[PDB]
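Below, in structure tokens: the form deposited in one PDB entry, a single chain.
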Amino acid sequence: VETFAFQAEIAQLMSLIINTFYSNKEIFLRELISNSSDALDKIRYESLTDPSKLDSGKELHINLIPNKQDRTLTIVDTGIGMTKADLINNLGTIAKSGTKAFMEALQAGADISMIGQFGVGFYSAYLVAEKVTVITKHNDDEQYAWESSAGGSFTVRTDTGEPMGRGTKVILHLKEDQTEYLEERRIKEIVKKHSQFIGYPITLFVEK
């Protein structure tokens, strides 16, 4: 298990998301589904010139899996997935500029729900989650697990759990007072409101 410090800007963003009073937390789901859609767009496009990129799975979709026993909501996609370099360096580098702009916009009267316009919507996960675990598998790289409970650091390890084929699973370990996001009725409401035109099947799993 390797431990890394967030860039200062991202640590600042995470603290803002965690500490700001903002009741409209439900937008986290729209943001993560949007991320998934983008990742699915990417593998679909790449597969047009290299069909073998789908050897790791032809189906392009999104699953939403609530688990009341673990108090987790998992967003699974079969998108392009992320390399180790993506997890540690690439995405954080691109996120630095978007974070700065988002910060500036907020100071100018924007609100947290506009986070996606700055490309850092993933971090809206911390509106509802005390810890986020990301399991990801890109073609030609290993399956990794990224994890952070904020506090300025994240970890990355090679993942030994069930192999995924290709894609990303975002596991939201929900805050004690945010369990409404495990309810079927609530998730359906949010998907209908904010994600009705996503171009991939979204399956909301039901609890046993």
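The term rigid core refers to the most C-alpha atoms you can superpose between the two forms while keeping them within 1.5 Å. The first residue of the shown sequence is 1; numbering continues from there.
Per-stretch averaging of Cα B factors for 87-95 and 127-135 places 87-95 on top. When the C-alpha B-factors of 172-180 and 25-33 are averaged, 172-180 comes out higher. Within the listed group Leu73, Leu106, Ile80, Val76, the record reports its top CA B-factor for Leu106. Comparing the listed residues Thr49, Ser149, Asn63, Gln143, the entry records the largest Cα B-factor for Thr49. Ranked within its chain, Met164 lands in the highest third, by CA B factor from the PDB record.
Remark: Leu54 belongs to the highest third of its chain, ranked by C-alpha B-factor as recorded. Sort the chain's modelled residues by C-alpha temperature factor and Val206 lands in the middle third, per the entry.
Below, we turn to the form deposited in another entry, even though it does not appear here.
With the rigid core aligned between this form and the one not shown, the listed residues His173, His61, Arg30, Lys53 include just one Cα displaced by at least 2 Å, namely that of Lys53.
Comparing the forms between this form and the one not shown on their rigid core, the Cα displacement of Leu91 reaches 2 Å or more.
If you compare C-alpha positions, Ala129 and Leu91 are 3 angstroms or more closer together in that other deposited form than in the form on display. Relative to this conformation, an increase of 3 Å or more in the Cα-Cα distance between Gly57 and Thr168 is found in that other deposited form.
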